[PDB]
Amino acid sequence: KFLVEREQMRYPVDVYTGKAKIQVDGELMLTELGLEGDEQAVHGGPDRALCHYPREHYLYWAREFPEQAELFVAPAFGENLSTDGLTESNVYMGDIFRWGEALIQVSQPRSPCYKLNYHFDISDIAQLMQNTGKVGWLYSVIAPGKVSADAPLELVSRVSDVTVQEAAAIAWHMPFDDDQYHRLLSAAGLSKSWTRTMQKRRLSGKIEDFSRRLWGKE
């Protein structure tokens, strides 16, 4: 039921951009493709304009790899948005947030990639993120506008009943289930690339391979 829409959920947010990303302190324009100054000019660009990573996960990583605990600080995972209070289990697919003059929508769970394995110098960090579901999520930009580190993320519409955690699990943890794929394809706001993957699974009757993405040349 959608009574969360009326609780005025507000989440203070730290903003990072780059071409390691650097913290932005003032206001900046959020365009269709991303934050002005953030790695700008593989289709589906509009669906991955912004990357979010919960600071809660750094606690977990620092405790899993104490020897390199200094590395586990925002924005080590490449995120643009850093917060507390928002995780894969309470963020739903299609969630629409008002952010200053902008409108953003959750489009998919973030997909761990092997580049991460060389960035943290942890050979299997991409596998680890995917296995724990600690991946964060991306946003599509519904309405471009000025945003800032000062304006909080405000949840305004909840329009699906599939959380990021569920989408992540449906994609990478459970065995082939057509019904589950039909369910994920029904979630509002789904990125075109996730629609494609899930639709390809229904027609092929198989789960595509994850080896190259997670391990690159290995």
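A residue's number is simply how far along the shown sequence it sits, counting from 1.
Per the record, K19 and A20 are separated by 10 or more deposited residues that are missing from the model. Set 68-76 against 130-138 and average the Cα temperature factors; 68-76 ends up higher. Across the two stretches, 185-193 and 26-34, the PDB entry reports the greater mean Cα temperature factor for 26-34. Per the deposited record, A62 carries the highest C-alpha B-factor of all listed residues (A62, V164, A171, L50). In the PDB entry, the Cα temperature factor peaks, among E56, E154, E39, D179, at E39. Ranked against the other modelled residues of its chain, the C-alpha B-factor of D121 as given in the entry falls in the highest third.
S111: CA B factor lies in the middle third for its chain, per the PDB record. Ranked by C-alpha B-factor against the other modelled residues of its chain, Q105 falls in the lowest third. The PDB entry assigns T83 a C-alpha temperature factor belonging to the middle third of its chain's modelled residues.
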